>>> print(open('final.csv').read())   # CSV, N, CA and C atoms
chain,number,residue,atom,x,y,z
B,54,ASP,N,92.3,22.7,96.6
B,54,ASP,CA,92.7,24.0,96.0
B,54,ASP,C,92.2,25.0,96.9
B,55,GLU,N,90.9,25.0,97.2
B,55,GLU,CA,90.2,26.1,98.0
B,55,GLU,C,90.6,26.0,99.4
B,56,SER,N,91.1,24.8,99.9
B,56,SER,CA,91.6,24.8,101.3
B,56,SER,C,92.8,25.6,101.5
B,57,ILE,N,93.6,25.9,100.4
B,57,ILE,CA,94.7,26.8,100.4
B,57,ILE,C,94.2,28.2,100.6
B,58,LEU,N,93.0,28.5,99.9
B,58,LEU,CA,92.4,29.8,100.0
B,58,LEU,C,91.9,30.1,101.4
B,59,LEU,N,91.3,29.1,102.0
B,59,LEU,CA,90.7,29.2,103.3
B,59,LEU,C,91.8,29.4,104.4
B,60,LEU,N,93.0,28.8,104.1
B,60,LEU,CA,94.2,28.9,104.9
B,60,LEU,C,94.7,30.3,104.8
B,61,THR,N,94.7,31.0,103.6
B,61,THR,CA,95.0,32.3,103.4
B,61,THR,C,94.1,33.3,104.2
B,62,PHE,N,92.8,33.0,104.2
B,62,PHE,CA,91.9,33.8,105.0
B,62,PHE,C,92.1,33.7,106.5
B,63,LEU,N,92.5,32.5,107.0
B,63,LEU,CA,92.8,32.3,108.4
B,63,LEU,C,94.0,33.1,108.7
B,64,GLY,N,95.0,33.2,107.8
B,64,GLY,CA,96.2,34.0,108.0
B,64,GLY,C,95.8,35.5,108.0
B,65,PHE,N,94.9,35.9,107.1
B,65,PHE,CA,94.4,37.2,107.0
B,65,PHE,C,93.8,37.7,108.2
B,66,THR,N,92.9,36.9,108.9
B,66,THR,CA,92.3,37.3,110.1
B,66,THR,C,93.3,37.3,111.3
B,67,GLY,N,94.3,36.4,111.2
B,67,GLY,CA,95.4,36.4,112.1
B,67,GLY,C,96.2,37.7,112.1
B,68,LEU,N,96.6,38.3,111.0
B,68,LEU,CA,97.3,39.5,110.8
B,68,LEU,C,96.4,40.7,111.3
B,69,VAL,N,95.1,40.6,111.0
B,69,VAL,CA,94.2,41.6,111.3
B,69,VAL,C,94.1,41.7,112.8
B,70,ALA,N,93.9,40.6,113.5
B,70,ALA,CA,93.8,40.5,114.9
B,70,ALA,C,95.1,40.9,115.6
B,71,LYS,N,96.3,40.7,114.9
B,71,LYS,CA,97.6,41.0,115.5
B,71,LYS,C,97.8,42.5,115.5
B,72,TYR,N,97.4,43.2,114.5
B,72,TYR,CA,97.9,44.6,114.3
B,72,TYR,C,96.8,45.5,114.4
B,73,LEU,N,95.7,45.2,113.7
B,73,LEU,CA,94.6,46.1,113.5
B,73,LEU,C,93.7,46.1,114.7
B,74,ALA,N,93.3,45.0,115.2
B,74,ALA,CA,92.3,44.9,116.3
B,74,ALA,C,92.8,45.7,117.6
B,75,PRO,N,94.0,45.7,118.1
B,75,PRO,CA,94.4,46.5,119.2
B,75,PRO,C,94.5,48.0,118.7
B,76,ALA,N,94.8,48.3,117.5
B,76,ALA,CA,94.9,49.6,117.0
B,76,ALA,C,93.6,50.3,116.9
B,77,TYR,N,92.5,49.6,116.4
B,77,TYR,CA,91.2,50.0,116.3
B,77,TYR,C,90.5,50.2,117.7
B,78,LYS,N,90.9,49.3,118.6
B,78,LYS,CA,90.5,49.5,120.0
B,78,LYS,C,91.0,50.8,120.6
B,79,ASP,N,92.3,51.1,120.4
B,79,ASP,CA,93.0,52.3,120.9
B,79,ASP,C,92.4,53.6,120.2
B,80,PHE,N,92.1,53.5,118.9
B,80,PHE,CA,91.5,54.6,118.1
B,80,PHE,C,90.1,54.9,118.6
B,81,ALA,N,89.3,53.9,118.8
B,81,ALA,CA,87.9,54.0,119.3
B,81,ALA,C,87.9,54.6,120.7
B,82,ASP,N,88.8,54.1,121.6
B,82,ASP,CA,89.0,54.5,122.9
B,82,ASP,C,89.3,56.0,123.0
B,83,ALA,N,90.2,56.5,122.1
B,83,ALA,CA,90.7,57.8,122.1
B,83,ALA,C,89.5,58.8,121.8
B,84,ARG,N,88.7,58.4,120.8
B,84,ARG,CA,87.5,59.2,120.4
B,84,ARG,C,86.5,59.2,121.5
B,85,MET,N,86.3,58.1,122.2
B,85,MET,CA,85.3,57.9,123.2
B,85,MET,C,85.6,58.8,124.4
B,86,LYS,N,86.9,58.9,124.8
B,86,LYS,CA,87.4,59.7,125.8
B,86,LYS,C,87.0,61.2,125.5
B,87,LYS,N,87.3,61.6,124.2
B,87,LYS,CA,87.1,63.0,123.8
B,87,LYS,C,85.7,63.4,123.9
B,88,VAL,N,84.8,62.5,123.4
B,88,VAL,CA,83.3,62.8,123.5
B,88,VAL,C,82.9,63.0,124.9
B,89,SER,N,83.4,62.1,125.8
B,89,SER,CA,83.1,62.1,127.2
B,89,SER,C,83.5,63.3,127.9
B,90,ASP,N,84.7,63.8,127.5
B,90,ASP,CA,85.3,65.0,128.2
B,90,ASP,C,84.5,66.2,127.8
B,91,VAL,N,84.1,66.4,126.6
B,91,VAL,CA,83.2,67.4,126.1
B,91,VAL,C,81.9,67.4,126.8
B,92,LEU,N,81.3,66.2,126.9
B,92,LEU,CA,80.0,66.0,127.6
B,92,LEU,C,80.0,66.5,129.0
B,93,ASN,N,81.1,66.1,129.7
B,93,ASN,CA,81.3,66.4,131.1
B,93,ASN,C,81.6,67.8,131.3
B,94,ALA,N,82.3,68.4,130.3
B,94,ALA,CA,82.6,69.8,130.3
B,94,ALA,C,81.3,70.6,130.3
B,95,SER,N,80.3,70.2,129.4
B,95,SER,CA,79.0,70.9,129.3
B,95,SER,C,78.3,70.9,130.6
B,96,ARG,N,78.4,69.7,131.4
B,96,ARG,CA,77.7,69.6,132.7
B,96,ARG,C,78.3,70.6,133.7
B,97,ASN,N,79.6,70.8,133.7
B,97,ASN,CA,80.3,71.8,134.5
B,97,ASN,C,79.8,73.1,134.2
B,98,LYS,N,79.7,73.4,132.9
B,98,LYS,CA,79.3,74.7,132.4
B,98,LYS,C,78.0,75.2,132.9
B,99,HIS,N,77.0,74.3,132.9
B,99,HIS,CA,75.7,74.7,133.3
B,99,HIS,C,75.7,74.9,134.8
B,100,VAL,N,76.5,74.2,135.6
B,100,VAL,CA,76.6,74.3,137.0
B,100,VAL,C,77.2,75.7,137.3
B,101,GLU,N,78.1,76.2,136.5
B,101,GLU,CA,78.6,77.6,136.6
B,101,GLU,C,77.5,78.6,136.4
B,102,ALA,N,76.6,78.4,135.4
B,102,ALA,CA,75.6,79.3,135.0
B,102,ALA,C,74.6,79.5,136.2
B,103,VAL,N,74.2,78.5,136.9
B,103,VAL,CA,73.3,78.6,138.1
B,103,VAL,C,73.9,79.5,139.1
B,104,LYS,N,75.2,79.3,139.4
B,104,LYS,CA,76.0,80.1,140.4
B,104,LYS,C,76.1,81.5,140.0
B,105,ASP,N,76.3,81.8,138.6
B,105,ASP,CA,76.4,83.1,138.0
B,105,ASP,C,75.1,83.9,138.3
Q,1,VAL,N,66.6,116.3,147.3
Q,1,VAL,CA,65.2,116.0,147.1
Q,1,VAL,C,64.9,114.6,147.1
Q,2,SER,N,63.6,114.2,146.9
Q,2,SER,CA,63.0,112.9,147.2
Q,2,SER,C,63.5,112.0,146.2
Q,3,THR,N,64.1,110.9,146.7
Q,3,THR,CA,64.6,109.8,145.9
Q,3,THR,C,63.6,109.2,144.9
Q,4,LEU,N,64.0,108.7,143.8
Q,4,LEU,CA,63.2,108.1,142.8
Q,4,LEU,C,63.0,106.6,143.2
Q,5,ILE,N,62.0,106.0,142.5
Q,5,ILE,CA,61.5,104.7,142.9
Q,5,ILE,C,62.1,103.5,142.1
Q,6,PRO,N,62.9,103.5,141.1
Q,6,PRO,CA,63.6,102.4,140.5
Q,6,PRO,C,64.3,101.4,141.4
Q,7,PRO,N,65.0,101.6,142.5
Q,7,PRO,CA,65.9,100.6,143.2
Q,7,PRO,C,65.1,99.5,143.8
Q,8,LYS,N,63.8,99.8,144.0
Q,8,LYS,CA,62.9,98.9,144.7
Q,8,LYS,C,61.9,98.3,143.8
Q,9,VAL,N,62.2,98.3,142.5
Q,9,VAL,CA,61.4,97.8,141.4
Q,9,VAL,C,62.4,96.9,140.7
Q,10,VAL,N,62.0,95.6,140.6
Q,10,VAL,CA,62.8,94.6,139.8
Q,10,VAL,C,61.7,93.7,139.3
Q,11,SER,N,61.8,93.3,138.0
Q,11,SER,CA,60.7,92.6,137.3
Q,11,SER,C,61.2,92.2,136.0
Q,12,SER,N,62.4,92.5,135.5
Q,12,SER,CA,62.8,92.1,134.2
Q,12,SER,C,64.3,91.9,134.2
Q,13,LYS,N,64.9,91.4,135.3
Q,13,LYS,CA,66.2,90.9,135.4
Q,13,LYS,C,66.2,89.4,135.1
Q,14,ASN,N,64.9,88.9,135.0
Q,14,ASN,CA,64.7,87.5,134.8
Q,14,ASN,C,64.6,87.1,133.4
Q,15,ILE,N,64.7,88.1,132.5
Q,15,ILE,CA,64.9,87.9,131.1
Q,15,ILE,C,66.1,88.7,130.7
Q,16,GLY,N,66.7,89.4,131.7
Q,16,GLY,CA,67.6,90.5,131.4
Q,16,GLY,C,69.0,89.9,131.2
Q,17,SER,N,69.2,88.7,131.7
Q,17,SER,CA,70.5,88.1,131.5
Q,17,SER,C,70.4,86.7,130.9
Q,18,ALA,N,71.5,86.2,130.3
Q,18,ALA,CA,71.6,85.0,129.6
Q,18,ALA,C,71.4,83.8,130.5
Q,19,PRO,N,71.8,83.6,131.7
Q,19,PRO,CA,71.6,82.4,132.5
Q,19,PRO,C,70.2,82.1,132.8
Q,20,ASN,N,69.2,83.1,132.6
Q,20,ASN,CA,67.8,82.8,132.7
Q,20,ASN,C,67.3,81.8,131.7
Q,21,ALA,N,67.8,81.8,130.5
Q,21,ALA,CA,67.6,80.9,129.4
Q,21,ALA,C,68.0,79.5,129.8
Q,22,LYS,N,69.3,79.4,130.3
Q,22,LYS,CA,69.9,78.2,130.8
Q,22,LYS,C,69.2,77.7,132.0
Q,23,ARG,N,68.7,78.6,132.9
Q,23,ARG,CA,68.0,78.2,134.1
Q,23,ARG,C,66.8,77.5,133.7
Q,24,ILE,N,66.0,78.0,132.8
Q,24,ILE,CA,64.7,77.4,132.5
Q,24,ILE,C,64.9,76.1,131.7
Q,25,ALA,N,66.1,75.9,131.1
Q,25,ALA,CA,66.5,74.7,130.5
Q,25,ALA,C,66.8,73.7,131.6
Q,26,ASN,N,67.6,74.0,132.6
Q,26,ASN,CA,68.2,73.1,133.5
Q,26,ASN,C,67.3,72.9,134.7
Q,27,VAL,N,66.2,73.6,134.9
Q,27,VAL,CA,65.2,73.3,135.8
Q,27,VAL,C,64.4,72.1,135.3
Q,28,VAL,N,64.3,72.0,134.0
Q,28,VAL,CA,63.5,70.9,133.4
Q,28,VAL,C,64.4,69.7,133.3
Q,29,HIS,N,65.6,69.9,132.7
Q,29,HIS,CA,66.6,68.9,132.5
Q,29,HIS,C,67.0,68.3,133.9
Q,30,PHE,N,67.3,69.2,134.8
Q,30,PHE,CA,67.8,68.8,136.1
Q,30,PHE,C,66.8,69.2,137.1
Q,31,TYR,N,66.1,68.1,137.6
Q,31,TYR,CA,64.9,68.1,138.4
Q,31,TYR,C,64.3,66.8,138.0
Q,32,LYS,N,64.4,66.4,136.7
Q,32,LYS,CA,63.8,65.2,136.2
Q,32,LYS,C,64.9,64.4,135.6
Q,33,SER,N,66.1,64.8,135.9
Q,33,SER,CA,67.3,64.1,135.6
Q,33,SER,C,67.3,62.8,136.4
Q,34,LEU,N,67.9,61.7,135.7
Q,34,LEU,CA,68.1,60.4,136.4
Q,34,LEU,C,69.5,60.4,136.8
Q,35,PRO,N,69.9,59.6,137.8
Q,35,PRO,CA,71.3,59.7,138.3
Q,35,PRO,C,72.2,59.1,137.2
Q,36,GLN,N,71.7,58.2,136.4
Q,36,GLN,CA,72.4,57.4,135.4
Q,36,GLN,C,71.5,57.2,134.3
Q,37,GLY,N,72.0,57.1,133.0
Q,37,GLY,CA,71.3,56.8,131.8
Q,37,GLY,C,70.7,55.4,131.8
Q,38,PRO,N,69.9,55.0,130.9
Q,38,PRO,CA,69.2,53.7,130.8
Q,38,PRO,C,70.2,52.6,130.3
Q,39,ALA,N,70.6,52.6,129.1
Q,39,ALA,CA,71.2,51.3,128.5
Q,39,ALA,C,72.2,51.5,127.4
Q,40,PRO,N,73.2,50.7,127.3
Q,40,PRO,CA,74.3,50.7,126.3
Q,40,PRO,C,74.0,49.6,125.3
Q,41,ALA,N,72.7,49.2,125.1
Q,41,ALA,CA,72.2,48.1,124.3
Q,41,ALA,C,72.4,46.8,125.1
Q,42,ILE,N,71.4,45.9,125.0
Q,42,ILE,CA,71.3,44.7,125.8
Q,42,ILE,C,70.4,43.6,125.2
Q,43,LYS,N,69.6,44.0,124.1
Q,43,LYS,CA,68.7,43.1,123.5
Q,43,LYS,C,69.4,42.4,122.3
Q,44,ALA,N,69.2,41.1,122.2
Q,44,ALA,CA,69.6,40.2,121.2
Q,44,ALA,C,69.4,38.8,121.7
Q,45,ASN,N,68.6,38.7,122.8
Q,45,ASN,CA,68.4,37.4,123.5
Q,45,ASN,C,67.8,36.3,122.7
Q,46,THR,N,68.4,35.1,122.9
Q,46,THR,CA,68.1,33.8,122.4
Q,46,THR,C,69.3,33.0,122.6
Q,47,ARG,N,70.2,33.4,123.6
Q,47,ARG,CA,71.5,32.9,123.9
Q,47,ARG,C,72.4,33.5,123.0
Q,48,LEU,N,72.1,34.8,122.6
Q,48,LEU,CA,72.8,35.7,121.7
Q,48,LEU,C,72.7,37.0,122.3
Q,49,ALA,N,72.0,37.3,123.4
Q,49,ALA,CA,72.2,38.5,124.2
Q,49,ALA,C,73.5,38.5,124.8
Q,50,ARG,N,74.0,37.3,125.1
Q,50,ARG,CA,75.4,37.0,125.6
Q,50,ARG,C,76.4,37.3,124.5
Q,51,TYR,N,76.1,37.0,123.2
Q,51,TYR,CA,77.0,37.2,122.1
Q,51,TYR,C,77.3,38.7,121.9
Q,52,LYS,N,76.2,39.5,121.9
Q,52,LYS,CA,76.2,40.9,121.9
Q,52,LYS,C,76.9,41.5,123.1
Q,53,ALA,N,76.6,40.9,124.3
Q,53,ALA,CA,77.1,41.4,125.5
Q,53,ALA,C,78.6,41.3,125.6
Q,54,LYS,N,79.1,40.2,125.1
Q,54,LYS,CA,80.5,39.9,125.2
Q,54,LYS,C,81.3,40.6,124.1
Q,55,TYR,N,80.7,40.9,123.0
Q,55,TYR,CA,81.4,41.4,121.8
Q,55,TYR,C,81.0,42.7,121.3
Q,56,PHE,N,79.8,43.1,121.4
Q,56,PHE,CA,79.2,44.2,120.7
Q,56,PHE,C,78.7,45.2,121.7
Q,57,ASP,N,79.2,45.1,123.0
Q,57,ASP,CA,79.0,46.1,124.0
Q,57,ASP,C,80.1,47.1,123.9
Q,58,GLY,N,79.9,48.2,124.7
Q,58,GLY,CA,80.9,49.3,124.9
Q,58,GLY,C,82.1,48.8,125.6
Q,59,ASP,N,82.0,47.6,126.2
Q,59,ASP,CA,83.1,46.9,127.0
Q,59,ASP,C,84.3,46.7,126.1
Q,60,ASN,N,84.0,46.2,124.8
Q,60,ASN,CA,85.1,46.0,123.9
Q,60,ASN,C,84.6,46.0,122.5
Q,61,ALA,N,85.5,46.4,121.6
Q,61,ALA,CA,85.4,46.1,120.2
Q,61,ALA,C,86.7,45.4,119.9
Q,62,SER,N,86.6,44.1,119.6
Q,62,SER,CA,87.7,43.2,119.4
Q,62,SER,C,87.3,42.3,118.2
Q,63,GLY,N,88.3,41.5,117.7
Q,63,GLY,CA,88.1,40.8,116.5
Q,63,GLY,C,87.3,39.5,116.6
Q,64,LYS,N,87.0,39.1,117.8
Q,64,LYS,CA,86.2,37.9,118.1
Q,64,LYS,C,84.8,37.7,117.4
Q,65,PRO,N,83.9,38.7,117.4
Q,65,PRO,CA,82.7,38.6,116.7
Q,65,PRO,C,82.9,38.6,115.2
Q,66,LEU,N,83.9,39.3,114.7
Q,66,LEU,CA,84.3,39.3,113.3
Q,66,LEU,C,84.6,37.9,112.8
Q,67,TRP,N,85.5,37.2,113.6
Q,67,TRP,CA,85.8,35.8,113.3
Q,67,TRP,C,84.6,34.9,113.4
Q,68,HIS,N,83.7,35.1,114.4
Q,68,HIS,CA,82.5,34.4,114.5
Q,68,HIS,C,81.6,34.6,113.4
Q,69,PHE,N,81.4,35.8,112.9
Q,69,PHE,CA,80.5,36.2,111.8
Q,69,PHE,C,81.0,35.7,110.5
Q,70,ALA,N,82.3,35.7,110.3
Q,70,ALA,CA,83.0,35.1,109.1
Q,70,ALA,C,82.7,33.7,109.0
Q,71,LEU,N,82.9,33.0,110.1
Q,71,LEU,CA,82.8,31.5,110.2
Q,71,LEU,C,81.5,31.0,109.9
Q,72,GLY,N,80.4,31.8,110.2
Q,72,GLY,CA,79.0,31.4,109.9
Q,72,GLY,C,78.8,31.2,108.4
Q,73,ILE,N,79.3,32.2,107.6
Q,73,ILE,CA,79.2,32.2,106.2
Q,73,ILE,C,80.1,31.1,105.6
Q,74,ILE,N,81.3,30.9,106.2
Q,74,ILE,CA,82.2,29.8,105.7
Q,74,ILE,C,81.6,28.5,105.9
Q,75,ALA,N,80.7,28.3,107.0
Q,75,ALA,CA,80.1,27.0,107.3
Q,75,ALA,C,79.0,26.7,106.4
Q,76,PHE,N,78.5,27.8,105.7
Q,76,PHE,CA,77.3,27.7,104.9
Q,76,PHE,C,77.8,27.1,103.6
Q,77,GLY,N,78.8,27.9,103.0
Q,77,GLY,CA,79.3,27.5,101.7
Q,77,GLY,C,80.2,26.3,101.7
Q,78,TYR,N,80.9,26.0,102.8
Q,78,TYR,CA,81.7,24.8,102.9
Q,78,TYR,C,80.9,23.5,102.9
Q,79,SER,N,79.8,23.5,103.6
Q,79,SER,CA,78.9,22.4,103.6
Q,79,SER,C,78.3,22.2,102.2
Q,80,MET,N,77.9,23.3,101.5
Q,80,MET,CA,77.4,23.4,100.2
Q,80,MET,C,78.3,23.0,99.1
Q,81,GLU,N,79.6,23.2,99.4
Q,81,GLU,CA,80.7,22.7,98.5
Q,81,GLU,C,80.5,21.2,98.3
Q,82,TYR,N,80.3,20.4,99.4
Q,82,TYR,CA,80.1,19.0,99.3
Q,82,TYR,C,78.7,18.7,98.8
Q,83,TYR,N,77.8,19.7,98.8
Q,83,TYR,CA,76.5,19.6,98.1
Q,83,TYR,C,76.7,19.8,96.6
Q,84,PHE,N,77.8,20.4,96.2
Q,84,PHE,CA,78.1,20.8,94.8
Q,84,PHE,C,79.1,19.8,94.3
Q,85,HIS,N,79.7,18.9,95.1
Q,85,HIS,CA,80.9,18.2,94.7
Q,85,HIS,C,80.8,16.8,95.5
>>> encode(input="final.csv", output="structure tokens")
Amino acid sequence: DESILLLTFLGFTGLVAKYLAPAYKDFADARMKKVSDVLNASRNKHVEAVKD
Amino acid sequence: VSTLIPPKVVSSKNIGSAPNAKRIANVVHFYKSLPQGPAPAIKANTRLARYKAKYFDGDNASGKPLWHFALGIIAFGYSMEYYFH
């Protein structure tokens, strides 16, 4: 009975890995980029201040 | 008549502008700056620093650890099923 349930869970992880796992990778990547760009922007900014 | 003495006196331009504050910040920050930061996590060793390194590093977030973590709990109760049956 419960081997049917375990089969359902295997299917569940299959769908998750199919659709969600690349999506969550892309989502996480997008944010990571944004944080990095802001960080690097701040570095540029203080370099400007020295020159000023 | 005889010129005044201000042009040859400077002693408060060093608080007088905003980049002075930034300067005293970035002389400390950058002077003792490292070229690169230390670590993106690396400890979990016992032949599991590899598990973290492959799955729970900044390199990737993928469904492989999830599957692995799920399977550990499945292995516990599945064996226990036959302990109950």
>>> closest_atom_pairs(input="final.csv", of="chain Q", to="chain B", cutoff="7 Å", atoms="all atoms listed in the file", output="tab-separated table")
residue	atom	partner	partner_atom	distance
Q:19	CA	B:102	C	5.6
Q:23	CA	B:103	CA	6.7
Q:61	C	B:78	CA	5.6
Q:62	CA	B:74	CA	5.8
Q:63	N	B:74	CA	5.4
>>> select_by_dssp(input="final.csv", residues="chain Q", states="helix (DSSP H, G or I)", output="PyMOL selection string")
chain Q and resi 6-8+19-29+49-55+64-81
>>> atom_distance(input="final.csv", atom1="atom CA of residue B:83", atom2="atom CA of residue Q:59")
14.2 Å
>>> atom_distance(input="final.csv", atom1="atom N of residue Q:41", atom2="atom CA of residue Q:54")
12.1 Å
>>> atom_distance(input="final.csv", atom1="atom CA of residue Q:35", atom2="atom C of residue Q:48")
27.8 Å
>>> residues_around(input="final.csv", residues="stretch 65-69 of chain Q", least_positions_apart="5", cutoff="8 Å", atoms="only C-alpha atoms", output="MDAnalysis selection string")
(chainID B and resid 66) or (chainID Q and resid 51 55:56)
